[PDB]
$ cat entry29.cif   # mmCIF, C-alpha atoms and all ligand atoms
data_run
loop_
_atom_site.label_atom_id
_atom_site.label_comp_id
_atom_site.auth_asym_id
_atom_site.auth_seq_id
_atom_site.Cartn_x
_atom_site.Cartn_y
_atom_site.Cartn_z
CA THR A 1 3.04 21.21 1.83
CA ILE A 2 5.15 18.45 0.28
CA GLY A 3 4.42 15.71 -2.24
CA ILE A 4 1.78 16.70 -4.78
CA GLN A 5 0.86 13.02 -5.10
CA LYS A 6 0.40 12.88 -1.32
CA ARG A 7 -2.00 15.81 -0.97
CA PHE A 8 -5.15 14.14 0.39
CA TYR A 9 -5.57 10.52 1.48
CA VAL A 10 -8.96 9.11 2.40
CA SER A 11 -9.77 5.73 3.91
CA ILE A 12 -12.00 3.36 1.94
CA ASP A 13 -14.76 3.60 4.56
CA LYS A 14 -15.23 7.28 3.74
CA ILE A 15 -15.37 6.73 -0.03
CA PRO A 16 -18.94 6.37 -1.38
CA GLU A 17 -19.91 3.05 -2.97
CA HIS A 18 -20.94 4.88 -6.15
CA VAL A 19 -17.32 6.00 -6.51
CA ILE A 20 -15.85 2.54 -5.88
CA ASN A 21 -18.52 0.98 -8.11
CA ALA A 22 -17.95 3.49 -10.90
CA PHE A 23 -14.22 2.75 -11.05
CA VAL A 24 -14.69 -1.02 -10.82
CA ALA A 25 -17.41 -1.12 -13.51
CA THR A 26 -15.30 1.07 -15.79
CA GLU A 27 -11.75 -0.15 -15.19
CA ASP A 28 -11.97 -3.71 -13.84
CA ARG A 29 -15.40 -5.35 -13.60
CA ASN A 30 -14.12 -8.59 -12.04
CA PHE A 31 -11.83 -6.78 -9.55
CA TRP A 32 -13.29 -8.40 -6.45
CA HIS A 33 -12.61 -11.90 -7.79
CA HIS A 34 -9.42 -12.08 -9.83
CA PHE A 35 -5.94 -12.59 -8.37
CA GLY A 36 -4.11 -9.57 -9.75
CA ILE A 37 -4.55 -10.32 -13.44
CA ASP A 38 -7.73 -11.31 -15.27
CA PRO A 39 -7.11 -14.04 -17.90
CA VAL A 40 -10.74 -14.10 -19.02
CA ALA A 41 -10.76 -10.31 -19.28
CA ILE A 42 -7.66 -10.51 -21.47
CA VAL A 43 -9.45 -12.96 -23.76
CA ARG A 44 -12.74 -11.05 -23.74
CA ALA A 45 -10.74 -7.96 -24.72
CA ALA A 46 -8.67 -9.91 -27.24
CA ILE A 47 -11.66 -11.23 -29.18
CA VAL A 48 -12.86 -7.76 -30.20
CA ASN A 49 -13.33 -6.89 -33.87
CA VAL A 50 -10.74 -0.55 -27.75
CA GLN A 51 -10.95 -2.86 -24.73
CA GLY A 52 -8.28 -2.95 -22.05
CA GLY A 53 -7.37 -6.17 -20.28
CA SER A 54 -5.46 -4.79 -17.30
CA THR A 55 -6.79 -4.84 -13.74
CA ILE A 56 -6.97 -2.19 -11.02
CA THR A 57 -4.13 -4.01 -9.29
CA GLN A 58 -2.02 -3.81 -12.44
CA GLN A 59 -2.67 -0.05 -12.77
CA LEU A 60 -1.50 0.37 -9.19
CA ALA A 61 1.66 -1.68 -9.81
CA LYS A 62 2.34 0.39 -12.93
CA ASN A 63 2.64 3.56 -10.83
CA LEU A 64 4.98 1.97 -8.28
CA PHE A 65 7.78 2.11 -10.85
CA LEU A 66 10.01 5.19 -10.75
CA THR A 67 10.40 5.19 -14.54
CA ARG A 68 7.77 4.99 -17.30
CA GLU A 69 8.41 2.35 -19.97
CA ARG A 70 5.83 0.36 -21.90
CA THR A 71 8.09 -2.50 -22.94
CA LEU A 72 6.62 -6.00 -22.78
CA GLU A 73 9.18 -6.68 -20.06
CA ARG A 74 7.75 -3.88 -17.93
CA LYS A 75 4.24 -5.24 -18.55
CA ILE A 76 5.34 -8.58 -17.10
CA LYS A 77 7.06 -6.99 -14.10
CA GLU A 78 3.90 -5.00 -13.38
CA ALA A 79 1.76 -8.14 -13.54
CA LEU A 80 4.08 -10.10 -11.21
CA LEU A 81 4.03 -7.17 -8.79
CA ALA A 82 0.21 -7.08 -8.95
CA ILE A 83 0.10 -10.80 -8.19
CA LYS A 84 2.33 -10.43 -5.13
CA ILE A 85 0.39 -7.38 -3.95
CA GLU A 86 -2.79 -9.48 -4.14
CA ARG A 87 -1.24 -12.16 -1.91
CA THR A 88 -0.17 -9.51 0.61
CA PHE A 89 -3.13 -7.16 1.00
CA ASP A 90 -6.87 -7.72 0.62
CA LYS A 91 -9.12 -6.21 -2.05
CA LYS A 92 -10.47 -3.29 -0.03
CA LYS A 93 -6.91 -2.25 0.85
CA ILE A 94 -5.75 -2.50 -2.76
CA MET A 95 -8.82 -0.51 -3.84
CA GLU A 96 -7.99 2.08 -1.19
CA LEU A 97 -4.41 2.50 -2.36
CA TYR A 98 -5.45 2.68 -6.00
CA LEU A 99 -8.18 5.30 -5.46
CA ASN A 100 -5.80 7.57 -3.51
CA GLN A 101 -2.93 7.51 -6.03
CA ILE A 102 -4.74 7.54 -9.40
CA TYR A 103 -3.93 10.61 -11.50
CA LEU A 104 -7.23 12.21 -12.49
CA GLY A 105 -5.93 15.24 -14.36
CA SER A 106 -5.59 18.90 -13.42
CA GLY A 107 -2.80 18.00 -11.00
CA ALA A 108 -5.18 15.90 -8.89
CA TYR A 109 -3.89 12.60 -7.50
CA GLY A 110 -6.54 10.46 -5.83
CA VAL A 111 -10.33 10.81 -5.75
CA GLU A 112 -10.36 13.26 -2.81
CA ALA A 113 -8.08 15.73 -4.58
CA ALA A 114 -10.14 15.20 -7.74
CA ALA A 115 -13.42 15.85 -5.94
CA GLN A 116 -12.02 19.18 -4.70
CA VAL A 117 -10.55 20.32 -8.01
CA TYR A 118 -13.54 19.34 -10.15
CA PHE A 119 -16.49 19.81 -7.77
CA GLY A 120 -15.11 21.80 -4.84
CA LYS A 121 -16.32 19.05 -2.51
CA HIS A 122 -15.07 16.09 -0.52
CA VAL A 123 -15.27 12.67 -2.16
CA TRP A 124 -17.83 11.51 0.40
CA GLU A 125 -20.14 14.35 -0.69
CA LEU A 126 -20.19 13.32 -4.36
CA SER A 127 -23.37 12.44 -6.21
CA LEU A 128 -23.67 9.49 -8.62
CA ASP A 129 -23.16 11.62 -11.75
CA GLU A 130 -20.07 13.24 -10.16
CA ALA A 131 -18.58 9.87 -9.19
CA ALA A 132 -19.07 8.60 -12.73
CA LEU A 133 -17.21 11.64 -14.03
CA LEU A 134 -14.11 10.79 -11.97
CA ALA A 135 -14.18 7.16 -13.17
CA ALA A 136 -14.17 8.41 -16.76
CA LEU A 137 -10.80 10.11 -16.33
CA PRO A 138 -8.25 7.27 -15.84
CA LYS A 139 -8.53 6.28 -19.53
CA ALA A 140 -6.83 9.56 -20.50
CA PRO A 141 -7.16 12.50 -18.03
CA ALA A 142 -6.13 15.20 -20.53
CA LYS A 143 -8.39 13.94 -23.31
CA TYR A 144 -11.47 13.73 -21.07
CA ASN A 145 -10.78 16.63 -18.71
CA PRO A 146 -14.08 18.47 -18.05
CA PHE A 147 -12.31 21.85 -17.86
CA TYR A 148 -11.47 21.99 -21.58
CA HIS A 149 -13.04 18.92 -23.23
CA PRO A 150 -16.44 19.02 -21.45
CA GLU A 151 -18.04 17.44 -24.51
CA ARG A 152 -15.94 14.27 -24.43
CA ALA A 153 -16.02 14.32 -20.62
CA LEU A 154 -19.83 14.26 -20.51
CA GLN A 155 -19.97 11.58 -23.19
CA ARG A 156 -17.58 9.32 -21.29
CA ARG A 157 -19.33 10.04 -17.96
CA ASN A 158 -22.60 8.69 -19.37
CA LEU A 159 -20.70 5.67 -20.70
CA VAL A 160 -19.46 5.01 -17.16
CA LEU A 161 -23.05 5.33 -15.91
CA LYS A 162 -24.14 2.78 -18.52
CA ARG A 163 -21.41 0.39 -17.33
CA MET A 164 -22.67 0.83 -13.76
CA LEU A 165 -26.21 0.06 -14.93
CA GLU A 166 -25.11 -3.10 -16.75
CA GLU A 167 -23.19 -4.34 -13.70
CA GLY A 168 -26.24 -3.69 -11.53
CA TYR A 169 -24.62 -1.03 -9.35
CA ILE A 170 -27.39 1.48 -10.03
CA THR A 171 -31.07 1.18 -11.01
CA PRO A 172 -32.67 2.26 -14.31
CA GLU A 173 -34.19 5.23 -12.44
CA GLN A 174 -30.84 6.34 -11.02
CA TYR A 175 -29.33 5.94 -14.49
CA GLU A 176 -31.99 8.03 -16.26
CA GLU A 177 -31.58 10.81 -13.71
CA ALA A 178 -27.77 10.79 -13.67
CA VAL A 179 -27.21 10.90 -17.45
CA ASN A 180 -29.42 13.98 -17.55
CA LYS A 181 -27.34 15.78 -14.90
CA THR B 1 -10.17 -18.21 5.25
CA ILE B 2 -7.83 -17.32 2.39
CA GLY B 3 -4.39 -15.72 2.22
CA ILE B 4 -2.25 -16.51 5.25
CA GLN B 5 -0.45 -13.19 4.70
CA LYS B 6 -3.83 -11.44 4.73
CA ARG B 7 -5.10 -12.81 8.04
CA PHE B 8 -5.46 -9.67 10.16
CA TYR B 9 -5.03 -6.05 9.05
CA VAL B 10 -5.06 -3.20 11.54
CA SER B 11 -5.07 0.53 10.85
CA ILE B 12 -2.17 2.61 12.15
CA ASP B 13 -4.46 4.50 14.54
CA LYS B 14 -5.10 1.28 16.47
CA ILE B 15 -1.41 0.35 16.72
CA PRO B 16 0.24 1.51 19.97
CA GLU B 17 3.06 4.05 19.72
CA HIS B 18 5.36 1.69 21.65
CA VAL B 19 4.97 -0.79 18.79
CA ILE B 20 5.63 1.77 16.05
CA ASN B 21 8.48 3.25 18.08
CA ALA B 22 10.03 -0.15 18.78
CA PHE B 23 10.16 -1.04 15.08
CA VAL B 24 11.46 2.38 14.04
CA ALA B 25 14.17 2.49 16.72
CA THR B 26 15.25 -1.05 15.84
CA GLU B 27 14.91 -1.18 12.05
CA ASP B 28 15.07 2.41 10.76
CA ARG B 29 15.75 5.20 13.26
CA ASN B 30 15.48 8.02 10.69
CA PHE B 31 12.31 6.58 9.07
CA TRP B 32 10.21 9.70 9.51
CA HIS B 33 12.75 11.85 7.65
CA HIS B 34 14.44 9.96 4.83
CA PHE B 35 13.03 9.60 1.31
CA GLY B 36 12.99 5.83 0.93
CA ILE B 37 16.71 5.20 1.36
CA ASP B 38 19.02 6.56 4.05
CA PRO B 39 22.44 7.58 2.66
CA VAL B 40 23.77 8.61 6.07
CA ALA B 41 22.53 5.34 7.57
CA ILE B 42 24.39 3.46 4.84
CA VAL B 43 27.58 5.32 5.73
CA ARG B 44 27.06 5.01 9.49
CA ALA B 45 26.61 1.27 8.94
CA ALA B 46 29.53 1.12 6.50
CA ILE B 47 32.05 2.64 8.91
CA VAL B 48 31.73 -0.19 11.44
CA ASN B 49 34.80 -2.15 12.53
CA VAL B 50 26.51 -6.10 12.06
CA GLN B 51 24.66 -2.91 11.10
CA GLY B 52 22.02 -2.84 8.38
CA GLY B 53 21.59 0.18 6.15
CA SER B 54 18.17 -0.57 4.67
CA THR B 55 15.02 1.37 5.56
CA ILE B 56 11.50 0.28 6.52
CA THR B 57 10.40 1.37 3.05
CA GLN B 58 13.06 -0.85 1.46
CA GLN B 59 11.95 -3.86 3.55
CA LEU B 60 8.41 -3.28 2.32
CA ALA B 61 9.53 -3.04 -1.32
CA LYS B 62 11.54 -6.24 -0.87
CA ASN B 63 8.36 -8.19 -0.11
CA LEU B 64 6.45 -6.79 -3.09
CA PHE B 65 8.54 -8.99 -5.38
CA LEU B 66 7.09 -12.39 -6.24
CA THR B 67 10.53 -14.01 -6.27
CA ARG B 68 13.34 -13.89 -3.69
CA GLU B 69 16.77 -12.97 -5.07
CA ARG B 70 19.52 -11.04 -3.30
CA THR B 71 21.42 -9.93 -6.39
CA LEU B 72 22.74 -6.37 -6.41
CA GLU B 73 20.31 -5.75 -9.26
CA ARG B 74 17.38 -6.71 -7.05
CA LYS B 75 18.74 -4.44 -4.31
CA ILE B 76 18.62 -1.52 -6.73
CA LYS B 77 15.12 -2.36 -7.96
CA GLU B 78 13.92 -2.51 -4.34
CA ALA B 79 15.46 0.89 -3.58
CA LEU B 80 13.91 2.52 -6.67
CA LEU B 81 10.55 1.02 -5.71
CA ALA B 82 10.95 2.38 -2.15
CA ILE B 83 11.71 5.82 -3.55
CA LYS B 84 8.59 5.83 -5.73
CA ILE B 85 6.47 4.49 -2.87
CA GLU B 86 7.70 7.41 -0.74
CA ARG B 87 6.58 9.91 -3.40
CA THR B 88 3.16 8.25 -3.58
CA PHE B 89 2.11 7.59 0.02
CA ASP B 90 2.96 9.36 3.27
CA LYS B 91 5.00 7.95 6.15
CA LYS B 92 2.11 6.81 8.34
CA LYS B 93 0.63 4.90 5.40
CA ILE B 94 3.95 3.26 4.55
CA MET B 95 4.40 2.37 8.24
CA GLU B 96 0.90 0.91 8.24
CA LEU B 97 1.54 -1.28 5.22
CA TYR B 98 4.89 -2.44 6.56
CA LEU B 99 3.58 -3.36 10.04
CA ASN B 100 0.72 -5.43 8.56
CA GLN B 101 2.84 -7.47 6.12
CA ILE B 102 6.06 -8.10 8.09
CA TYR B 103 6.73 -11.79 8.71
CA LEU B 104 7.27 -12.23 12.45
CA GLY B 105 7.70 -15.99 12.59
CA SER B 106 5.39 -18.82 13.61
CA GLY B 107 3.31 -18.22 10.50
CA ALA B 108 2.37 -14.72 11.68
CA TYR B 109 2.28 -11.92 9.10
CA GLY B 110 1.79 -8.46 10.56
CA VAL B 111 1.86 -7.24 14.16
CA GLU B 112 -1.79 -8.14 14.89
CA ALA B 113 -1.30 -11.78 13.90
CA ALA B 114 1.97 -11.76 15.86
CA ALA B 115 0.32 -10.33 18.97
CA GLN B 116 -2.22 -13.18 18.87
CA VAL B 117 0.25 -15.98 18.24
CA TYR B 118 2.83 -14.82 20.80
CA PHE B 119 0.69 -13.15 23.48
CA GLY B 120 -2.88 -14.21 22.73
CA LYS B 121 -3.86 -10.55 22.57
CA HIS B 122 -4.63 -7.79 20.10
CA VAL B 123 -1.78 -5.49 19.11
CA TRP B 124 -3.48 -2.53 20.79
CA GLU B 125 -3.41 -4.43 24.10
CA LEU B 126 0.37 -4.97 24.06
CA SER B 127 2.66 -3.71 26.81
CA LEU B 128 6.04 -2.06 26.16
CA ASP B 129 8.04 -5.25 26.78
CA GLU B 130 5.71 -7.19 24.44
CA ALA B 131 6.02 -4.58 21.67
CA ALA B 132 9.80 -4.70 21.95
CA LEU B 133 9.67 -8.46 21.53
CA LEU B 134 7.88 -8.16 18.17
CA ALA B 135 10.39 -5.56 16.94
CA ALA B 136 13.20 -8.00 17.73
CA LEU B 137 11.88 -10.57 15.25
CA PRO B 138 12.35 -9.00 11.77
CA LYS B 139 16.14 -9.49 11.96
CA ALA B 140 15.62 -13.26 11.75
CA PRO B 141 12.24 -14.64 12.98
CA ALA B 142 13.40 -18.26 13.30
CA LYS B 143 16.62 -17.41 15.13
CA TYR B 144 14.88 -15.17 17.68
CA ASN B 145 11.53 -16.95 17.97
CA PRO B 146 10.46 -16.95 21.64
CA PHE B 147 8.83 -20.39 21.31
CA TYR B 148 12.14 -22.27 20.92
CA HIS B 149 14.96 -19.73 21.32
CA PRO B 150 13.55 -17.81 24.32
CA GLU B 151 17.10 -17.04 25.45
CA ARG B 152 18.10 -15.18 22.29
CA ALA B 153 14.59 -13.72 22.04
CA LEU B 154 14.80 -12.14 25.51
CA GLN B 155 18.31 -10.88 24.83
CA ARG B 156 17.27 -9.19 21.61
CA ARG B 157 14.07 -7.83 23.19
CA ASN B 158 16.14 -5.97 25.80
CA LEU B 159 18.39 -4.69 23.00
CA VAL B 160 15.30 -3.25 21.30
CA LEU B 161 14.30 -1.64 24.61
CA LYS B 162 17.77 -0.10 24.85
CA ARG B 163 17.40 1.30 21.31
CA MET B 164 14.05 2.81 22.33
CA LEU B 165 15.70 4.37 25.39
CA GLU B 166 18.51 5.88 23.31
CA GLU B 167 16.05 7.35 20.80
CA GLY B 168 14.03 8.84 23.67
CA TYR B 169 10.87 6.82 23.02
CA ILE B 170 10.73 5.54 26.60
CA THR B 171 12.03 6.84 29.94
CA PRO B 172 14.76 5.28 32.11
CA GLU B 173 12.01 4.12 34.50
CA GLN B 174 10.02 2.44 31.73
CA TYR B 175 13.24 0.84 30.49
CA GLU B 176 14.26 -0.56 33.90
CA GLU B 177 10.80 -2.06 34.37
CA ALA B 178 10.48 -3.50 30.86
CA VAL B 179 13.86 -5.27 30.72
CA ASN B 180 12.93 -7.03 33.95
CA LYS B 181 9.64 -8.32 32.50
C1 LIG C 201 3.28 -11.68 -16.51
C2 LIG C 201 2.49 -12.76 -17.32
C3 LIG C 201 0.95 -12.40 -17.41
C4 LIG C 201 0.65 -10.91 -17.67
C5 LIG C 201 0.66 -10.52 -19.16
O1 LIG C 201 1.54 -10.94 -19.92
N1 LIG C 201 -0.32 -9.72 -19.57
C6 LIG C 201 -0.42 -9.27 -20.97
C7 LIG C 201 -1.74 -8.55 -21.21
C8 LIG C 201 -1.51 -7.13 -21.79
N2 LIG C 201 -2.70 -6.23 -21.71
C9 LIG C 201 -3.84 -6.84 -22.44
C10 LIG C 201 -3.07 -6.02 -20.28
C11 LIG C 201 -2.35 -4.92 -22.34
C12 LIG C 201 -3.53 -3.89 -22.37
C13 LIG C 201 -3.01 -2.46 -22.52
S1 LIG C 201 -3.61 -1.45 -21.13
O2 LIG C 201 -3.24 -0.06 -21.35
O3 LIG C 201 -5.06 -1.57 -21.03
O4 LIG C 201 -3.00 -1.93 -19.89
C14 LIG C 201 2.69 -14.29 -16.82
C15 LIG C 201 4.22 -14.52 -16.50
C16 LIG C 201 4.31 -15.07 -15.03
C17 LIG C 201 2.98 -15.86 -14.98
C18 LIG C 201 2.55 -16.38 -13.55
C19 LIG C 201 3.57 -17.46 -13.07
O5 LIG C 201 3.60 -18.56 -13.99
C20 LIG C 201 3.13 -17.98 -11.66
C21 LIG C 201 1.67 -18.63 -11.70
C22 LIG C 201 1.61 -19.88 -12.63
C23 LIG C 201 0.18 -20.47 -12.63
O6 LIG C 201 0.14 -21.62 -13.48
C24 LIG C 201 -0.83 -19.41 -13.14
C25 LIG C 201 -0.78 -18.18 -12.20
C26 LIG C 201 0.65 -17.53 -12.18
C27 LIG C 201 0.63 -16.34 -11.19
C28 LIG C 201 1.10 -17.01 -13.63
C29 LIG C 201 0.09 -15.91 -14.19
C30 LIG C 201 0.58 -15.42 -15.60
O7 LIG C 201 0.62 -16.53 -16.50
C31 LIG C 201 1.98 -14.81 -15.48
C32 LIG C 201 1.88 -13.60 -14.47
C1 LIG C 202 19.45 2.11 -6.09
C2 LIG C 202 20.67 3.00 -5.71
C3 LIG C 202 20.74 3.26 -4.15
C4 LIG C 202 20.42 2.03 -3.28
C5 LIG C 202 21.63 1.13 -3.01
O1 LIG C 202 22.42 0.84 -3.91
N1 LIG C 202 21.77 0.68 -1.76
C6 LIG C 202 22.89 -0.20 -1.37
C7 LIG C 202 22.93 -0.38 0.14
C8 LIG C 202 22.90 -1.88 0.53
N2 LIG C 202 22.56 -2.14 1.97
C9 LIG C 202 23.56 -1.46 2.84
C10 LIG C 202 21.20 -1.62 2.26
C11 LIG C 202 22.60 -3.61 2.21
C12 LIG C 202 22.32 -4.03 3.68
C13 LIG C 202 21.86 -5.48 3.78
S1 LIG C 202 20.24 -5.55 4.59
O2 LIG C 202 19.87 -6.94 4.81
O3 LIG C 202 20.31 -4.86 5.87
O4 LIG C 202 19.24 -4.92 3.75
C14 LIG C 202 20.79 4.39 -6.53
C15 LIG C 202 20.48 4.11 -8.05
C16 LIG C 202 19.33 5.11 -8.47
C17 LIG C 202 19.69 6.31 -7.57
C18 LIG C 202 18.62 7.46 -7.49
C19 LIG C 202 18.51 8.15 -8.89
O5 LIG C 202 19.79 8.70 -9.27
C20 LIG C 202 17.46 9.31 -8.81
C21 LIG C 202 17.86 10.39 -7.72
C22 LIG C 202 19.21 11.11 -8.07
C23 LIG C 202 19.54 12.16 -6.98
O6 LIG C 202 20.78 12.80 -7.32
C24 LIG C 202 19.68 11.47 -5.60
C25 LIG C 202 18.34 10.78 -5.25
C26 LIG C 202 17.96 9.69 -6.32
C27 LIG C 202 16.58 9.09 -5.92
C28 LIG C 202 19.05 8.52 -6.40
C29 LIG C 202 19.21 7.78 -5.00
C30 LIG C 202 20.27 6.63 -5.13
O7 LIG C 202 21.53 7.19 -5.53
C31 LIG C 202 19.82 5.62 -6.20
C32 LIG C 202 18.43 5.04 -5.73
#

$ encode --input "entry29.cif" --output "structure tokens" --more "lines below"
Ligand SMILES: C[C@H](CCC(=O)NCCC[N+](C)(C)CCCS(=O)(=O)[O-])[C@H]1CC[C@H]2[C@@H]3[C@H](O)C[C@@H]4C[C@H](O)CC[C@]4(C)[C@H]3C[C@H](O)[C@]12C
Ligand SMILES: C[C@H](CCC(=O)NCCC[N+](C)(C)CCCS(=O)(=O)[O-])[C@H]1CC[C@H]2[C@@H]3[C@H](O)C[C@@H]4C[C@H](O)CC[C@]4(C)[C@H]3C[C@H](O)[C@]12C
Amino acid sequence: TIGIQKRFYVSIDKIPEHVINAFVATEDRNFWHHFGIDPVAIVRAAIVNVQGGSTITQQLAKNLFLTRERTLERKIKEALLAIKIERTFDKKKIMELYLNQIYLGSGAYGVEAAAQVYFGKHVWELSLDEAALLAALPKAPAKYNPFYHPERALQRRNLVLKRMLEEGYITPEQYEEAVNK
Amino acid sequence: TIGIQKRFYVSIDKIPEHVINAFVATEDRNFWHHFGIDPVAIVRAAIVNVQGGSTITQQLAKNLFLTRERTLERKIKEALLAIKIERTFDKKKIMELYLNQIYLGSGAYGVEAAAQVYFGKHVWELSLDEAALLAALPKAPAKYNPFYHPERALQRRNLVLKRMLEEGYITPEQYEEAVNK
């Protein structure tokens, strides 16, 4: 009806853990523990002879700005906003907001809209390999879109699955089966 | 445990309509229709020989800033943030976020925490006259706190009830009974 970004909203309790886990493992491994920004993650990423140091909270803050500028000043504003958001709402709520607003390509905002556009299903009906595919998109939706870059999409999906394996969110068995899907 | 502002969070479906209606009638009558800012409300308030022109969305944006400055520049940033928020999440979601973060005095953030501190009950167990009391607080929690300014508190509570009556959220009968509570 109105608001493409407001198409479908789904509560966190109806979002599969594989989905939540895929995004966390891929975009912000220490999400459940940091306070809006991850100093250690910024250092881990720094000392790399590719890695992003921003958190899920920071990605959310980034989209709360009407304009799109990547000036260092904007980066600071986004971080301060993330910090305040973290003091106001708990992790599950922040995760909920993030998952429902994230642009996942093909005009789909939020995991529910993405599930429909890419798999013709509801997010709660997604399999592990399908969840991993959605988590691969935030990096660059157009570059990894499965509709016209299925090669890169598949490659990044399996990378997400590997991240999930390393974080302990899925077992070796689940991993072997999913990367072959 | 941690985060005074994150004590209790309650979903919009568990918040009584009298509560939602009381806040809307008192703080932002056209909430369900504007786009983050209310031009007409700003004019209605302007032409007054007392009235606030900000929306619920703007009050939410105001609290997403780590610092507290009332410069015209901040006012603009808050409005732009409200506008983007409105394009990202629907009204019920914005209302939900607002109602859970609003400082209502006595260290209570959000209507649930307020219900407990002021009435020793859950927000969903509140009566009309109790809901109106919470909606009276945002204007200035310390000045209208029922614990030490019960006179002003009661006076503003009945004003909220009158606003609800005018907006058609409650009947004359309900009004007569509530103002006498
Ligand atoms: C805004 C910055 C930090 C953010 C930042 O500058 N981040 C740069 C990283 C850039 N990235 C690697 C993410 C880019 C990757 C590109 S990507 O596309 O992946 O996003 C600085 C300025 C304001 C500082 C806070 C205040 O003092 C208050 C308080 C003092 C305490 O003592 C420590 C805690 C706290 C909250 C301080 C934290 C941090 O000190 C802040 C947020
Ligand atoms: C930020 C301001 C508006 C807010 C403002 O300046 N508000 C002052 C009122 C102060 N109050 C009475 C609330 C104080 C009360 C004290 S209280 O304590 O009660 O809060 C200006 C600057 C940027 C402008 C937008 C952009 O152009 C984009 C777009 C153009 C379209 O053409 C019309 C729609 C839109 C969204 C424009 C709307 C509005 O034009 C904006 C937000």

$ residues_near_ligand --input "entry29.cif" --ligand "ligand LIG 202 (chain C)" --cutoff "7 Å" --atoms "all atoms listed in the file" --output "NGL selection string"
:B and (37 or 42 or 52-54 or 75-77 or 79-80 or 83)

$ closest_residue --input "entry29.cif" --among "B:105, B:115, B:145, B:67" --to "ligand LIG 201 (chain C)" --atoms "all atoms listed in the file"
B:67

$ closest_residue --input "entry29.cif" --among "B:123, B:108, B:66, B:165" --to "ligand LIG 201 (chain C)" --atoms "all atoms listed in the file"
B:66

$ residues_near_point --input "entry29.cif" --point "(-7.3, 16.2, -14.9)" --cutoff "8 Å" --atoms "all atoms listed in the file" --output "list in words"
residues 103, 104, 105, 106, 107, 108, 114, 137, 141, 142, 144, 145 and 146 of chain A

$ atom_distance --input "entry29.cif" --atom1 "atom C26 of ligand LIG 201 (chain C)" --atom2 "CA of residue 87 in chain A"
11.7 Å

$ interface_residues --input "entry29.cif" --of "chain B" --to "chain A" --cutoff "6 Å" --atoms "only C-alpha atoms" --output "JSON, numbers by chain"
{"B": [5, 6, 64, 65, 66, 81, 84, 88, 89]}

$ atom_distance --input "entry29.cif" --atom1 "CA of residue 131 in chain B" --atom2 "CA of residue 92 in chain B"
18.0 Å

$ residues_around --input "entry29.cif" --residues "residue 164 in chain A" --least-positions-apart "4" --cutoff "8 Å" --atoms "only C-alpha atoms" --output "PyMOL selection string"
chain A and resi 21-22+25-26+160+168-170

$ write_last_selection --input "entry29.cif" --atoms "C-alpha atoms" --output "mmCIF file, keeping the file's coordinate frame"
data_model
loop_
_atom_site.group_PDB
_atom_site.id
_atom_site.type_symbol
_atom_site.label_atom_id
_atom_site.label_comp_id
_atom_site.auth_asym_id
_atom_site.auth_seq_id
_atom_site.Cartn_x
_atom_site.Cartn_y
_atom_site.Cartn_z
ATOM 1 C CA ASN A 21 -18.520 0.980 -8.110
ATOM 2 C CA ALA A 22 -17.950 3.490 -10.900
ATOM 3 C CA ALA A 25 -17.410 -1.120 -13.510
ATOM 4 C CA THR A 26 -15.300 1.070 -15.790
ATOM 5 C CA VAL A 160 -19.460 5.010 -17.160
ATOM 6 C CA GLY A 168 -26.240 -3.690 -11.530
ATOM 7 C CA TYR A 169 -24.620 -1.030 -9.350
ATOM 8 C CA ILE A 170 -27.390 1.480 -10.030
#

$ atom_distance --input "entry29.cif" --atom1 "CA of residue 135 in chain A" --atom2 "CA of residue 23 in chain A"
4.9 Å

$ axis_aligned_box --input "entry29.cif" --around "range 166-170 of chain B" --padding-each-side "6 Å" --output "AutoDock Vina command-line options"
--center_x 14.6 --center_y 7.2 --center_z 23.7 --size_x 19.8 --size_y 15.3 --size_z 17.8

$ closest_residue --input "entry29.cif" --among "B:17, B:167, B:78, B:176" --to "residue 124 in chain B" --atoms "only C-alpha atoms"
B:17

$ residues_around --input "entry29.cif" --residues "residue 16 in chain B" --least-positions-apart "2" --cutoff "8 Å" --atoms "all atoms listed in the file" --output "short mmCIF file (atom, residue, chain, number, x, y, z; two decimals) with C-alpha atoms, in the coordinates of the input"
data_model
loop_
_atom_site.label_atom_id
_atom_site.label_comp_id
_atom_site.auth_asym_id
_atom_site.auth_seq_id
_atom_site.Cartn_x
_atom_site.Cartn_y
_atom_site.Cartn_z
CA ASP B 13 -4.46 4.50 14.54
CA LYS B 14 -5.10 1.28 16.47
CA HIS B 18 5.36 1.69 21.65
CA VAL B 19 4.97 -0.79 18.79
CA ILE B 20 5.63 1.77 16.05
CA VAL B 123 -1.78 -5.49 19.11
CA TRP B 124 -3.48 -2.53 20.79
CA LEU B 126 0.37 -4.97 24.06
#

$ residues_around --input "entry29.cif" --residues "range 27-30 of chain A" --least-positions-apart "3" --cutoff "7 Å" --atoms "all atoms listed in the file" --output "ChimeraX atom specification"
/A:23-24,33-34,55-56
